[PDB]
Every structure is written in structure tokens, then in C-alpha cells.
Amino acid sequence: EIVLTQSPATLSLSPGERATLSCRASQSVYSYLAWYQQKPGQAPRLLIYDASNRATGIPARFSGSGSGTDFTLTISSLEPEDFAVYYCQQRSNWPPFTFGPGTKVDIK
């Protein structure tokens, strides 16, 4: 019932630039949305929970914002460690716990 879009599919930037990741839902999901980071060869890692709250131990450059259908994850200054795949997760029931398509971030 709920469809997750993530823009852009691929973002190619240099270290130090601002990264803006977008997650859109076909219907309103209030603020029950999370952001996860997956580095190559590792399990997923919780970045943001409930749209805007930063998880424990996460650097201050990551920030979440948005509500309803529009969500944004901003990295004020890209670090080399931050080049990975980022997924948004809507935590409603229809359908339950759906992950987005993911956005990969690489070097120029």
C-alpha cells in the first residue's frame, strides 16, 4: 500500500560537500521513519530514528528532518568513512517495516 522512493539513486560528491538524501512515501507516515547506514560487507547501522532523532554514537554531521511524505537526511560535510549505502525505513503497518530502495554515495 505504501511505496518508498529515494532520490537520487546515486550521489557522487567529494569529501567536504553537503549531502542531501531524499525519501518520499506515497502516503503520509507521520514521523515513523528511520535512516540506516550499510557499509560494504557489514550489517546495517541505525543512523536516525523517528525522522529527526540521531542515534547513540552517531557523528553530529548526520541530521534528519521532514515529516508525513517528505524526509531529508543531510550530511553537512562528507567524510571518507561516510561513503556507503543509506536506506530509509517506514515503520507503519501497510506494509510493515518496508525499506526504501537505498541511495549509494561514492567519490567523484
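We number the residues from 1 along the sequence you see.
### Query
Looking at the entry, does 7 to 15 or 82 to 90 show the higher mean C-alpha B-factor?
Of 82 to 90 and 7 to 15, the stretch with the higher C-alpha B-factor average is 7 to 15.
### Query
Do the CA atoms of 73 to 81 or those of 46 to 54 have the higher mean B-factor in the entry?
Higher mean C-alpha B-factor: 73 to 81.
### Task
State the tercile, meaning the lowest, middle or highest third, of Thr20 with respect to the CA B-factors recorded for its chain.
Answer is highest: the recorded C-alpha B-factor places it there.
### Lowest, middle or highest third - CA B-factor, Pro40
For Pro40, whose C-alpha B-factor we compare with every modelled residue in the chain, the answer is the highest third.
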